[PDB]
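Visitor: Pasting start15.txt here (compact mmCIF, C-alpha atoms and all ligand atoms):
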```txt
# COMPACT_ATOMS: atom_id res chain seq x y z
CA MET A 1 67.05 125.55 115.41
CA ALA A 2 70.42 124.61 116.89
CA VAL A 3 73.93 125.00 115.48
CA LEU A 4 75.14 121.42 115.71
CA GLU A 5 78.77 120.72 116.35
CA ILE A 6 80.47 119.46 113.14
CA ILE A 7 82.52 116.27 113.86
CA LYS A 8 86.17 116.52 112.73
CA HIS A 9 88.40 113.77 111.58
CA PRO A 10 89.57 112.49 114.77
CA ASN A 11 86.70 110.40 114.94
CA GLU A 12 85.32 106.88 114.38
CA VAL A 13 81.70 107.86 113.78
CA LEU A 14 82.95 109.29 110.39
CA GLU A 15 83.85 105.79 109.03
CA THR A 16 80.81 104.00 110.37
CA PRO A 17 78.39 103.16 107.53
CA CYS A 18 74.95 104.53 108.43
CA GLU A 19 71.68 102.75 109.10
CA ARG A 20 68.63 103.46 106.88
CA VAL A 21 66.00 105.79 108.27
CA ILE A 22 62.84 103.80 109.24
CA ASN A 23 60.68 106.21 111.22
CA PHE A 24 60.13 109.40 109.26
CA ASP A 25 59.38 111.38 112.44
CA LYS A 26 59.53 114.86 113.90
CA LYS A 27 63.00 114.29 115.31
CA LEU A 28 64.25 113.46 111.74
CA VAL A 29 62.72 116.74 110.59
CA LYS A 30 64.49 118.70 113.27
CA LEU A 31 67.74 116.93 112.44
CA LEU A 32 67.49 118.07 108.75
CA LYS A 33 66.49 121.64 109.62
CA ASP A 34 69.44 121.97 112.10
CA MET A 35 71.83 120.38 109.57
CA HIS A 36 70.95 122.76 106.76
CA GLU A 37 71.53 126.00 108.79
CA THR A 38 74.57 124.52 110.61
CA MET A 39 76.01 123.67 107.16
CA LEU A 40 75.32 127.11 105.69
CA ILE A 41 76.74 128.87 108.79
CA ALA A 42 79.94 126.81 108.29
CA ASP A 43 80.05 127.70 104.54
CA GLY A 44 79.43 124.11 103.35
CA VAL A 45 77.43 123.20 100.22
CA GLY A 46 76.50 119.87 101.80
CA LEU A 47 76.37 117.95 105.14
CA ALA A 48 75.79 114.31 106.09
CA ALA A 49 74.26 113.08 109.42
CA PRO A 50 77.48 111.25 110.58
CA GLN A 51 79.24 114.63 110.46
CA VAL A 52 76.92 115.75 113.38
CA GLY A 53 77.30 112.44 115.19
CA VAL A 54 74.16 110.73 113.80
CA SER A 55 74.67 107.38 111.95
CA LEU A 56 71.52 107.61 109.78
CA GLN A 57 71.41 107.82 105.97
CA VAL A 58 70.45 111.54 105.99
CA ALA A 59 72.08 114.33 104.09
CA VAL A 60 71.36 117.73 102.59
CA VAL A 61 73.02 119.73 99.69
CA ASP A 62 72.36 123.37 98.74
CA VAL A 63 74.76 124.63 96.13
CA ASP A 64 72.49 127.11 94.24
CA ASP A 65 69.47 129.25 95.05
CA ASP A 66 67.27 128.28 92.07
CA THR A 67 67.73 124.52 92.72
CA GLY A 68 67.83 125.13 96.44
CA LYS A 69 68.22 122.73 99.27
CA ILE A 70 67.87 119.09 98.37
CA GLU A 71 67.35 116.84 101.35
CA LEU A 72 68.26 113.18 100.79
CA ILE A 73 67.16 110.23 102.92
CA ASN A 74 68.21 106.67 102.23
CA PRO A 75 69.72 107.82 98.91
CA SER A 76 71.13 105.40 96.34
CA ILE A 77 72.81 106.17 93.01
CA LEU A 78 70.96 104.31 90.27
CA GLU A 79 73.20 105.38 87.40
CA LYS A 80 76.44 107.28 86.69
CA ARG A 81 77.84 108.65 83.44
CA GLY A 82 81.00 110.47 82.39
CA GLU A 83 83.69 111.70 84.74
CA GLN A 84 84.93 114.98 86.22
CA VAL A 85 88.11 115.91 88.04
CA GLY A 86 88.27 118.75 90.48
CA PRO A 87 89.09 120.11 93.95
CA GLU A 88 87.20 118.93 97.03
CA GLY A 89 87.36 119.81 100.69
CA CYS A 90 85.35 118.49 103.62
CA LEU A 91 83.98 120.13 106.79
CA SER A 92 85.31 117.24 108.81
CA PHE A 93 88.91 117.96 107.48
CA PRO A 94 89.24 121.71 107.84
CA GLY A 95 91.94 123.10 105.64
CA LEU A 96 92.49 119.93 103.61
CA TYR A 97 91.86 119.97 99.84
CA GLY A 98 92.57 117.40 97.17
CA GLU A 99 91.83 116.46 93.61
CA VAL A 100 89.06 113.96 93.17
CA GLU A 101 87.55 112.20 90.22
CA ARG A 102 83.78 111.56 90.40
CA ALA A 103 80.95 110.73 88.01
CA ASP A 104 79.76 113.69 86.02
CA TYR A 105 76.09 112.74 85.63
CA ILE A 106 74.19 110.83 88.27
CA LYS A 107 70.65 109.62 88.72
CA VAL A 108 69.63 109.32 92.38
CA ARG A 109 66.69 107.68 94.12
CA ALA A 110 65.99 108.92 97.66
CA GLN A 111 63.21 109.71 100.20
CA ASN A 112 61.93 113.07 101.48
CA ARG A 113 60.83 113.82 105.13
CA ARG A 114 57.56 112.03 104.63
CA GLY A 115 59.16 108.93 103.25
CA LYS A 116 58.03 109.45 99.68
CA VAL A 117 60.49 108.21 97.06
CA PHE A 118 61.63 110.65 94.36
CA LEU A 119 64.06 110.56 91.46
CA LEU A 120 66.71 113.23 90.93
CA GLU A 121 69.22 113.70 88.14
CA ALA A 122 72.26 115.88 88.59
CA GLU A 123 75.53 116.80 86.97
CA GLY A 124 78.74 118.86 87.37
CA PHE A 125 79.24 120.42 90.77
CA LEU A 126 75.86 119.46 92.30
CA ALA A 127 76.54 115.80 91.32
CA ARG A 128 79.94 116.03 92.97
CA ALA A 129 78.48 117.39 96.23
CA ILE A 130 75.86 114.62 96.26
CA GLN A 131 78.37 111.88 95.75
CA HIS A 132 80.56 113.33 98.48
CA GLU A 133 77.59 113.26 100.95
CA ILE A 134 76.42 109.77 99.88
CA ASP A 135 80.02 108.54 100.49
CA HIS A 136 79.71 109.89 104.08
CA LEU A 137 76.51 107.87 104.64
CA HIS A 138 78.52 104.75 103.86
CA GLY A 139 81.47 105.64 106.04
CA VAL A 140 83.66 106.73 103.08
CA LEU A 141 85.73 109.96 103.46
CA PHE A 142 87.08 111.86 100.41
CA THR A 143 90.56 111.20 101.65
CA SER A 144 90.21 107.63 100.24
CA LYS A 145 89.62 109.09 96.75
CA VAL A 146 92.10 111.91 96.59
CA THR A 147 94.32 111.81 93.56
CA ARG A 148 96.77 114.37 95.06
CA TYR A 149 96.46 117.04 97.72
CA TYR A 150 97.06 120.55 96.60
CA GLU A 151 100.14 122.51 97.70
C1 LIG B 201 82.72 119.74 96.55
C2 LIG B 201 82.28 118.46 97.16
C3 LIG B 201 81.22 118.63 98.24
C4 LIG B 201 81.76 119.30 99.41
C5 LIG B 201 80.82 119.24 100.63
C6 LIG B 201 81.64 119.94 101.77
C7 LIG B 201 80.80 119.84 103.13
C8 LIG B 201 80.94 118.38 103.59
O1 LIG B 201 81.98 118.10 104.15
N1 LIG B 201 80.00 117.48 103.36
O2 LIG B 201 80.13 116.29 103.72
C9 LIG B 201 81.88 121.37 101.30
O3 LIG B 201 80.97 122.17 101.28
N2 LIG B 201 83.17 121.66 100.96
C10 LIG B 201 83.66 122.95 100.52
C11 LIG B 201 84.36 122.71 99.16
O4 LIG B 201 84.98 121.64 98.98
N3 LIG B 201 84.28 123.65 98.19
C12 LIG B 201 83.57 124.96 98.26
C13 LIG B 201 83.81 125.57 96.90
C14 LIG B 201 84.15 124.44 95.99
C15 LIG B 201 84.90 123.46 96.87
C16 LIG B 201 86.38 123.78 96.88
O5 LIG B 201 87.09 122.87 97.34
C17 LIG B 201 84.56 123.67 101.54
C18 LIG B 201 83.68 124.16 102.67
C19 LIG B 201 85.62 122.78 102.07
NI NI B 202 82.47 115.92 103.79
```
Turn the structure described in the file into structure tokens.
Guide:
Amino acid sequence: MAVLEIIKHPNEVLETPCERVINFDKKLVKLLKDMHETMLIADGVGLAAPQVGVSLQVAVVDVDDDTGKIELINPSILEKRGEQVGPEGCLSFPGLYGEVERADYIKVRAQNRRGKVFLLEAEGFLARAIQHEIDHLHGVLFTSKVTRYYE
């Protein structure tokens, strides 16, 4: 493993929508493994590939032990229901926090390391984290959805 450098907002790679993953290869596996530990070391509950300088639709979330890490490749949100309002920060904007409204329930379709397609349903905080990461894969930063920044 390697502790990847997390890209901060002073950077164009953060707004570049990502390309889909095509070759589910060893290098993709190493990317995910390095991302998960790098994320955890930095106290994040999620991380997207553009945050480590890679413009591929790859992300990982790990908000609870039971659930555990959930790697997402080429994810798309098939459905959303209800809404939730709450505080969000981002590893690419250290120190910045704002109020953000997201869907409460989400149904997601994504691929694992071997390219197999699975279906995941989430809600509350895990659904928020997932939406935040999926935004990153499309070049969208939370800053564009902040209702107000906190004092
Ligand atoms: C909540 C939405 C998902 C956030 C994902 C980010 C990591 C990230 O930037 N991913 O792209 C994170 O872990 N953010 C943390 C965060 O926002 N937290 C941690 C506790 C709850 C919330 C408080 O704002 C801190 C590290 C800034
Ligand atoms: Ni972020």
Visitor: Go through the chains and note each residue within 8 Å of ligand NI 202 (chain B), using all atoms listed in the file, then give the set as a short mmCIF file (atom, residue, chain, number, x, y, z; two decimals) with C-alpha atoms, in the coordinates of the input.
Guide:
```
data_model
loop_
_atom_site.label_atom_id
_atom_site.label_comp_id
_atom_site.auth_asym_id
_atom_site.auth_seq_id
_atom_site.Cartn_x
_atom_site.Cartn_y
_atom_site.Cartn_z
CA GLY A 46 76.50 119.87 101.80
CA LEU A 47 76.37 117.95 105.14
CA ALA A 48 75.79 114.31 106.09
CA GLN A 51 79.24 114.63 110.46
CA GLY A 89 87.36 119.81 100.69
CA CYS A 90 85.35 118.49 103.62
CA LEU A 91 83.98 120.13 106.79
CA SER A 92 85.31 117.24 108.81
CA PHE A 93 88.91 117.96 107.48
CA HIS A 132 80.56 113.33 98.48
CA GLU A 133 77.59 113.26 100.95
CA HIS A 136 79.71 109.89 104.08
CA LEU A 141 85.73 109.96 103.46
CA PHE A 142 87.08 111.86 100.41
#
```
Visitor: Return as a PyMOL selection string the residues of protein, DNA or RNA that approach ligand LIG 201 (chain B) to within 10 Å, with all atoms listed in the file taken into account.
Guide: chain A and resi 6-8+39-40+42-51+59-63+86-100+102+125-137+141-142
Visitor: Just the selected residues (C-alpha atoms), exported as a PDB file, keeping the file's coordinate frame, please.
Guide:
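Wrote selection23.pdb, looks like this:
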```pdb
ATOM      1  CA  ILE A   6      80.470 119.460 113.140  1.00  0.00           C
ATOM      2  CA  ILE A   7      82.520 116.270 113.860  1.00  0.00           C
ATOM      3  CA  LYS A   8      86.170 116.520 112.730  1.00  0.00           C
ATOM      4  CA  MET A  39      76.010 123.670 107.160  1.00  0.00           C
ATOM      5  CA  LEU A  40      75.320 127.110 105.690  1.00  0.00           C
ATOM      6  CA  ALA A  42      79.940 126.810 108.290  1.00  0.00           C
ATOM      7  CA  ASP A  43      80.050 127.700 104.540  1.00  0.00           C
ATOM      8  CA  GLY A  44      79.430 124.110 103.350  1.00  0.00           C
ATOM      9  CA  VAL A  45      77.430 123.200 100.220  1.00  0.00           C
ATOM     10  CA  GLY A  46      76.500 119.870 101.800  1.00  0.00           C
ATOM     11  CA  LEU A  47      76.370 117.950 105.140  1.00  0.00           C
ATOM     12  CA  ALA A  48      75.790 114.310 106.090  1.00  0.00           C
ATOM     13  CA  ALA A  49      74.260 113.080 109.420  1.00  0.00           C
ATOM     14  CA  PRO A  50      77.480 111.250 110.580  1.00  0.00           C
ATOM     15  CA  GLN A  51      79.240 114.630 110.460  1.00  0.00           C
ATOM     16  CA  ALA A  59      72.080 114.330 104.090  1.00  0.00           C
ATOM     17  CA  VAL A  60      71.360 117.730 102.590  1.00  0.00           C
ATOM     18  CA  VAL A  61      73.020 119.730  99.690  1.00  0.00           C
ATOM     19  CA  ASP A  62      72.360 123.370  98.740  1.00  0.00           C
ATOM     20  CA  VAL A  63      74.760 124.630  96.130  1.00  0.00           C
ATOM     21  CA  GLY A  86      88.270 118.750  90.480  1.00  0.00           C
ATOM     22  CA  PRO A  87      89.090 120.110  93.950  1.00  0.00           C
ATOM     23  CA  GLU A  88      87.200 118.930  97.030  1.00  0.00           C
ATOM     24  CA  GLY A  89      87.360 119.810 100.690  1.00  0.00           C
ATOM     25  CA  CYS A  90      85.350 118.490 103.620  1.00  0.00           C
ATOM     26  CA  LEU A  91      83.980 120.130 106.790  1.00  0.00           C
ATOM     27  CA  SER A  92      85.310 117.240 108.810  1.00  0.00           C
ATOM     28  CA  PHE A  93      88.910 117.960 107.480  1.00  0.00           C
ATOM     29  CA  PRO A  94      89.240 121.710 107.840  1.00  0.00           C
ATOM     30  CA  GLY A  95      91.940 123.100 105.640  1.00  0.00           C
ATOM     31  CA  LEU A  96      92.490 119.930 103.610  1.00  0.00           C
ATOM     32  CA  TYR A  97      91.860 119.970  99.840  1.00  0.00           C
ATOM     33  CA  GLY A  98      92.570 117.400  97.170  1.00  0.00           C
ATOM     34  CA  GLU A  99      91.830 116.460  93.610  1.00  0.00           C
ATOM     35  CA  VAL A 100      89.060 113.960  93.170  1.00  0.00           C
ATOM     36  CA  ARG A 102      83.780 111.560  90.400  1.00  0.00           C
ATOM     37  CA  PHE A 125      79.240 120.420  90.770  1.00  0.00           C
ATOM     38  CA  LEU A 126      75.860 119.460  92.300  1.00  0.00           C
ATOM     39  CA  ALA A 127      76.540 115.800  91.320  1.00  0.00           C
ATOM     40  CA  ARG A 128      79.940 116.030  92.970  1.00  0.00           C
ATOM     41  CA  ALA A 129      78.480 117.390  96.230  1.00  0.00           C
ATOM     42  CA  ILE A 130      75.860 114.620  96.260  1.00  0.00           C
ATOM     43  CA  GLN A 131      78.370 111.880  95.750  1.00  0.00           C
ATOM     44  CA  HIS A 132      80.560 113.330  98.480  1.00  0.00           C
ATOM     45  CA  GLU A 133      77.590 113.260 100.950  1.00  0.00           C
ATOM     46  CA  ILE A 134      76.420 109.770  99.880  1.00  0.00           C
ATOM     47  CA  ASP A 135      80.020 108.540 100.490  1.00  0.00           C
ATOM     48  CA  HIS A 136      79.710 109.890 104.080  1.00  0.00           C
ATOM     49  CA  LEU A 137      76.510 107.870 104.640  1.00  0.00           C
ATOM     50  CA  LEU A 141      85.730 109.960 103.460  1.00  0.00           C
ATOM     51  CA  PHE A 142      87.080 111.860 100.410  1.00  0.00           C
TER      52      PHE A 142
END
```
Visitor: Nearest to residue 112 in chain A: which of A:71, A:79, A:37, A:65 is it, counting all atoms listed in the file?
Guide: A:71
Visitor: CA of residue 58 in chain A and CA of residue 109 in chain A are how many Å apart?
Guide: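 Spanning CA of residue 58 in chain A to CA of residue 109 in chain A is a straight-line distance of 13.0 Å.
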Visitor: Would you compute the distance between CA of residue 118 in chain A and CA of residue 106 in chain A? Give it in Å to one decimal.
Guide: 14.0 Å
Visitor: Applying 10 Å and all atoms listed in the file, which residues near residue 18 in chain A remain after dropping the ones on its own chain fewer than 2 positions away? List them as a VMD selection string.
Guide: chain A and resid 13 to 16 20 to 21 49 to 50 54 to 58 74 136 to 139
Visitor: Find the residue from A:75, A:12, A:28, A:140 that sits nearest to residue 117 in chain A; use only C-alpha atoms when measuring.
Guide: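 Selected residue with least distance to residue 117 in chain A: A:75.
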Visitor: Please determine, counting only C-alpha atoms, which residue among A:1, A:52, A:22, A:77 has the shortest atom-to-atom distance to residue 34 in chain A.
Guide: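 Closest to residue 34 in chain A, using only C-alpha atoms: A:1.
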Visitor: Using all atoms listed in the file, which residue out of A:146, A:72, A:2, A:35 lies closest to residue 116 in chain A?
Guide: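 Among A:146, A:72, A:2, A:35, it is A:72 that comes nearest to residue 116 in chain A.
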Visitor: What is the distance, in Å and to one decimal place, between CA of residue 121 in chain A and CA of residue 76 in chain A?
Guide: 11.8 Å
